[PDB]
């Protein structure tokens with residue numbers, strides 16, 4: 428549970444940084 | 081914890097195999113009782129000696145969801161399962177035979 | 022926008038460097054599993070546990086021991102020694118280059134027949150090969166057992182000597198077809214013991230007595246007298262003693278190599294799962310293992326350490342720890358105490374051999390470990406399946422990188438127009 | 121070497137030294153000379169079976185005890201008849217089917 432959830436959460440952190448990059452494009 | 085519990089698995093397998101047959105004598109079984117105390121100390125080491133986030137979470141159980149990291153709407157639901165002797169039933173493990 | 026695209030690269034370049042380090046980790050993992058598989062297969066031979074060492078009191082009798090011998094003491098009495106028949110020509114010749122046979126016939130054949138060989142040996146001499154040196158070279162080049170020599174009895178006289186191998190089944194019956202003078206020179210018949218060549222040595226078998234059993238071999242190297250011990254006879258000994266004692270050195274060294282290989286594998290896996298705790302927790306630490314949290318290392322460790330409790334083995338021992346090797350509490354490493362392992366190898370060698378080696382097909386710790394490591398290290402295994410999934414994700418990411426690089430070009434043009 | 125009708129047979133070796141007679145069990149297919157050698161050698165109780173090739177296409181079976189006069193064997197085979205005819209000694213009267 429912890430390991431697969433936090434691997435998907437590392438992927439989700441990459442997704443969040445992608446959203447932050449989109450915001451940087453917006454800014 | 082997994083290393084400690086697999087070591088315990090190998091220990092208990094040896095315990096059952098040697099107790100079932102006559103290879104391990106009863107003085108050897110007293111040495112095995114000493115080993116039982118030693119593996120109880122092993123459980124105490126996996127519980128107390130190890131620590132989580134500066135706290136002995138392996139010695140005290142807090143089955144609560146962790147605080148939200150504010151990066152996602154949902155909260156991380158970590159059911160912290162400490163390696164305890166009591167709650168997981170490991171304290172009841174004692175293979176010493178009758179004298 | 023160059024900085025913005027570098028910020029976009031931050032997890033993209035982080036994942037690219039992670040994939041490079043992951044390919045490196047996969048290579049190191051494959052190398053470690055290859056070394057472990059080599060050591061484990063080296064241990065998978067049962068012949069190491071059935072090993073002995075032999076000694077002899079006499080310097081004449083020489084003793085060696087193969088695999089499968091039995092310990093004990095043997096009293097060897099050698100009565101006879103094997104000898105090889107030698108035939109020498111009667112007429113001495115002036116020179117080794119003088120012609121021996123008739124020069125009219127351009128093709129002749131020497132036909133040697135023995136009880137041993139089933140197809141008679143034919144050696145063909147063409148024109149000009151009738152000299153003594155030519156016959157010697159032909160018979161030595163055939164390489165079929167017969168060994169021609171030349172002897173200089175005294176100045177300007179020579180002889181030709183043909184020697185077979187040891188035993189009474191290697192008596193020669195020589196003939197020469199196609200020539201007459203050579204046939205007059207080289208013609209023997211060991212059935213009636215009549216020929217044109219004298220017999221210098223007589224063929225004999227090797228007779229001996231081992232613990233009251235009468236053994237008769239062809240050569241002076243006796244092999245199956247106790248079926249596990251090889252004896253080389255040199256002289257007629259009387260009441261010699263051979264002592265065969267059990268040995269465990271090879272098995273001990275195999276165990277040492279196996280535990281060292283497993284410890285190295287565990288060390289490599291632990292170093293690959295390395296991590297460093299950072300108090301602020303703002304971002305992941307630089308000293309992080311690429312294969313951290315992946316199912317690869319965890320699955321390999323679980324699969325390998327699950328085989329230490331094998332239900333296939335039917336020996337008295339069911340857990341490998343009873344041999345004398347214990348897995349440390351701190352880390353998944355194995356250590357051996359000499360006393361217990363030595364006692365087990367000395368007394369319960371059969372039980373240890375059944376536990377580790379097993380029947381070789383579907384039994385034993387070593388067999389299960391070998392088949393599991395073969396399945397994991399194979400391309401169809403889950404480890405290479407995960408590697409291929411990562412590679413496919415990386416290829417999709419590469420296409421995404423190309424598209425975003427086109428976006429970089431567009432945005433650079435946009436801000437160049439703006440600025 | 122033995123009869124194939126009986127699926128289970130036992131070799132019983134008794135010595136003045138050992139107190140409990142040694143029983144070595146041969147199941148079906150273990151009546152070959154190699155199988156008997158392997159069974160007696162795997163029991164690891166002192167007796168050491170060998171094979172001797174006197175000459176091409178003839179072999180013998182040799183059972184050797186340890187040193188001393190307290191290790192004289194009294195072999196018996198129970199469950200089989202042909203094997204009992206082949207392997208049967210008695211060191212008390214020095215009479216048997218094995219030289």
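Chains as they are written, first to last, in the entry's author numbering: chain A, 428 to 454; chain B, 81 to 179; chain C, 22 to 440; chain D, 121 to 219. Built from N, CA and C at the ideal position, the CB exists for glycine as well.
Next on the checklist: Across the segment 100 to 110 of chain C and the segment 265 to 278 of chain C, are there enough close Cβ pairs to call them in contact, namely three or more that are closer than 8 Å?
Outcome noted: Not touching, per the Cβ criterion.
Item to check | Residue closest to residue 224(C), alpha-carbon to alpha-carbon, out of 187(C), 312(C), 77(C) and 138(C) | outcome: For residue 224(C), the nearest C-alpha among the options comes from 187(C).
Checklist entry - From residue 124(D) to residue 203(D), what does the alpha carbon distance come to, in whole angstroms? => result Rounded to whole angstroms, residue 124(D) to residue 203(D) spans 10 Å at the Cα level.
Checklist entry - With DSSP run on the structure shown, which of helix, strand or coil describes residue 441(A)? => result Of the three classes helix, strand and coil, the one that applies to residue 441(A) here is helix, per DSSP.
Item to check | Three-state secondary structure assigned by DSSP to residue 385(C) | outcome: Assignment of residue 385(C) by DSSP, reduced to helix, strand and coil, places it in the coil class.
Checklist entry - So who's on the other strand from residue 75(C), going by DSSP bridges? => result Bridge partners of residue 75(C): 265(C).
Checklist entry - Taking the C-alpha atoms as reference points, what is the distance between residue 384(C) and residue 394(C)? => result Straight across, the Cα-Cα distance linking residue 384(C) with residue 394(C) is about 15 Å.
Checklist entry - Checking contacts by CB at 8 Å: is residue 158(B) closer than that to chain A? => result Interface residue, yes.
Checklist entry - Smallest Cα separation from residue 53(C): which of 419(C), 417(C) and 397(C)? => result Nearest of 419(C), 417(C) and 397(C) to residue 53(C), Cα basis: 397(C).
Checklist entry - So with Cβ pairs under 8 Å, would you call residue 28(C) a contact of chain A? => result With 8 Å as the cut-off, residue 28(C) counts as an interface residue toward chain A.
Checklist entry - Whose Cβ in chain C lies nearer than 9 Å to the Cβ of residue 87(B)? => result Contact note: residue 87(B) reaches chain C through 347, 348, 349, 350 and 353, using a C-beta cutoff of 9 Å and chain order.
Checklist entry - Taking contact to mean at least 3 C-beta pairs separated by less than 8 Å, is the segment 360 to 379 of chain C in contact with the segment 332 to 346 of chain C? => result They touch, by the three-pair rule.
Checklist entry - Quick one: what's got a C-beta closer than 7 Å to residue 212(D)'s C-beta in the same chain, skipping five residues either side? => result Cβ within range, chain order: 194.
Item to check | Opening and closing residue of the beta strand (DSSP E) in which residue 174(C) lies | outcome: That run of the beta strand (DSSP E) goes 168 to 175.
Next on the checklist: Pull the bridge partners of residue 152(C) from the DSSP assignment, please.
Outcome noted: Secondary-structure assignment with DSSP links residue 152(C) through a beta bridge to 120(C).
Next on the checklist: Measuring only the C-alpha atoms, how far is residue 149(D) from residue 91(B)?
Outcome noted: Using only the alpha carbons, I get a separation of about 38 Å.
Checklist entry - When the Cα atoms are used, what is the spatial distance from residue 376(C) to residue 90(C)? => result A direct Cα-to-Cα measurement between residue 376(C) and residue 90(C) gives close to 21 Å.
Item to check | Residue-level contact to chain A via CB, residue 121(B), 8 Å cutoff | outcome: Cβ-Cβ to chain A under 8 Å: no for residue 121(B).
Next on the checklist: Please classify residue 323(C) as buried or exposed, where buried requires at least 16 neighbouring CB atoms within 10 angstroms.
Outcome noted: Residue burial annotation: residue 323(C) is exposed, with fewer than 16 other C-beta atoms found within 10 angstroms of its C-beta.
Checklist entry - So what does DSSP say about residue 108(C), is it helix, strand or coil? => result In this structure, residue 108(C) counts as strand in the three-state DSSP scheme.
Item to check | Span of the alpha helix (DSSP H) around residue 322(C) | outcome: Start and end: 316 to 327.
Next on the checklist: For residue 95(C), list the residues DSSP reports as bridge partners.
Outcome noted: According to DSSP, residue pairing for residue 95(C) in a beta bridge involves 263(C).
Checklist entry - In chain order, what residues of the same chain have a beta carbon less than 7 Å from the beta carbon of residue 46(C), not counting five sequence neighbours either side? => result Sequence-distant Cβ neighbours of residue 46(C) in its own chain, meaning closer than 7 Å and more than five residues away, are 293, 311 and 312.
Item to check | Inter-residue CB distance, residue 109(C) and residue 197(C) (contact presumed, cutoff 8 Å) | outcome: Contact doesn't hold; Cβ gap of about 16 Å is too wide.
Item to check | chain B contact for residue 290(C) (CB, 8 Å cutoff) | outcome: Residue 290(C) does not count as touching chain B.
Next on the checklist: Let me confirm a value: residue 429(A) is counted as buried when at least 16 other C-beta atoms fall within 10 Å, else exposed. Which label applies?
Outcome noted: Under the 10 Å beta carbon count, residue 429(A) is surrounded by fewer than 16 other beta carbons and is classified as exposed.
Item to check | Residues of its chain near residue 139(B), where Cβ-Cβ distance is below 7 Å and the 5 sequence neighbours each way are ignored | outcome: Correct list, in chain order: 127, 128 and 162.
Checklist entry - With contact counted as at least three CB pairs below 8 Å, one residue from each stretch, are the segment 171 to 178 of chain D and the segment 417 to 429 of chain C in contact? => result Output reads no: the segment 417 to 429 of chain C does not touch the segment 171 to 178 of chain D.
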